[PDB]
Amino acid sequence: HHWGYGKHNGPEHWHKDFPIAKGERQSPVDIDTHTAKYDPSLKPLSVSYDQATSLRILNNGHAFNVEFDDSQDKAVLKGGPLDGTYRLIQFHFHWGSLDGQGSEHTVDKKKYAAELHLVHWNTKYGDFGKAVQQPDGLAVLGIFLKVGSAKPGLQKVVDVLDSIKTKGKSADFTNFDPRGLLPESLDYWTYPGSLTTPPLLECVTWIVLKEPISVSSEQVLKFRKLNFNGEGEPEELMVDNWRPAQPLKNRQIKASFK
Ligand SMILES: NS(=O)(=O)c1ccc(CNC(=O)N2CCN(c3cc4c(cc3F)c(=O)c(C(=O)O)cn4C3CC3)CC2)cc1
Ligand SMILES: [Zn+2]
């Protein structure tokens, strides 16, 4: 009886195994655009993905992860609110059963169809397992997805999903350039928060881009054909793998832009 996104094991249950679910810096949150303060002391973010080395794509039973070689400083996030150098380890998405839900963060209570998370860890802690134990261990770049025009840079991800339909399946996923998933503007909101899945560790600097990317209905439909279940098990479509907004408590959301 493990955690998930169903009636019996979803977000409202997680606190029983992971009491930090009710903690002081949980994610995601609603971004109230009128309350977020422009912080002129923030920097432009530095997204350096030219040497990124993607390796593999995995269906882990609650999302799919595109994994990178993080054994050297190849794809890094720096600047913005961050001190030091954060290495890209994986990206994944959260999405809905319908276009009107799926994102984890919300903007003035608006839900997007999906949300991309590019996960990076602070090189001063040496490895990801150590970094998640520190309050400044991870930086997650969040990007909203709306449904409209196709995103060309997503299609290589969409076309491999039939090969990882069920939990535990992986496929080779070399030579994928995550620059093709970015919007035009790097304007962002930032706040201190947590992993949005168990173990819900309070180790994340969140950087959420203001500009959504557009994907096509056909692209998100293929996300919704994935399975939470393993091969040969009763089919449970992988949909609604999002945690709802959590209390902001004693936090300030800062804006990079006027
Ligand atoms: N959204 S966020 O950006 O804030 C964010 C959140 C979270 C992270 C860091 N942790 C993760 O990434 N995890 C959590 C653990 N997870 C699981 C893998 C599982 C199982 C259960 C799991 F929960 C099983 O039960 C299972 C089985 O054999 O039954 C096999 N597998 C592994 C894949 C084969 C894998 C992914 C990073 C970033
Ligand atoms: Zn995530």
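Residues numbered from 1 in each chain as written, not as in the entry; some residues may be left out. Chains lettered and ligands numbered in written order. Heavy atoms only, no water. Residues with missing side-chain atoms left out of burial classes, pairs and counts.

Per the PDB record, this model was obtained through X-ray crystallography at a reported resolution of 1.178 Å.

A. Quick look at the site of ligand 1. Close contacts around ligand 1 come from 15 residues, with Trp3, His94, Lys167, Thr196 and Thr197 the closest. A distance of 3.3 Å separates a nitrogen atom of ligand 1 from a polar side-chain atom of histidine 92. Residue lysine 167 places a side-chain N or O atom 2.9 Å away from an oxygen atom belonging to ligand 1. For the shell around ligand 1, the secondary-structure elements that each account for two or more residues are β7 (86–95) and β9 (114–122). (Near = heavy atom within 4 Å. Polar contact = N/O pair within 3.5 Å; in protein donor to acceptor, adjacent residues only side chain to side chain. Helix = DSSP H or I, 4+ residues; strand = E, 2+ residues; numbered from the N terminus.)

B. Representation of the pairing of β7. When you tally the buried positions in β7, you get ten out of ten residues, the bulk of the element. Bridge analysis of strand β5 (residues 64–68) against β7 gives two bridges, and the strand direction is antiparallel. What sits directly across from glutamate 67, in β7, is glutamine 90. Sheet topology places strand β6 (residues 76–79) next to β7; two bridges connect them, and they run antiparallel. Following the sheet pairing, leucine 77 is matched in β7 by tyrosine 86. A loop of six residues connects β6 with β7, the two strands running antiparallel in sequence, and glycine 80 in this loop sits at a positive phi of about 60 degrees. Pairing analysis gives nine bridges linking β7 to β9, with the strands arranged antiparallel. In the strand pairing of β9, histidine 94 is matched with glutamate 115. (Buried < 20%, exposed > 50% of the residue type's maximum accessible area, 1.4 Å probe, protein only. Pairing = 2+ DSSP bridges.)

C. Molecular detail of the coordination of the zinc ion (ligand 2). Looking at the zinc ion (ligand 2), the protein donor atoms are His92 (NE2), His94 (NE2) and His117 (ND1), and they sit 1.9 to 2.0 Å from it. Taken in chain order, the donor set of the zinc ion (ligand 2) reads H-x1-H-x22-H. Taken individually, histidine 92 and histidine 94 each receive the classification buried, so the pair is uniform in this respect. (Donors = N, O, S within 2.8 Å, 3.2 Å for Na, K, Ca; no water.)

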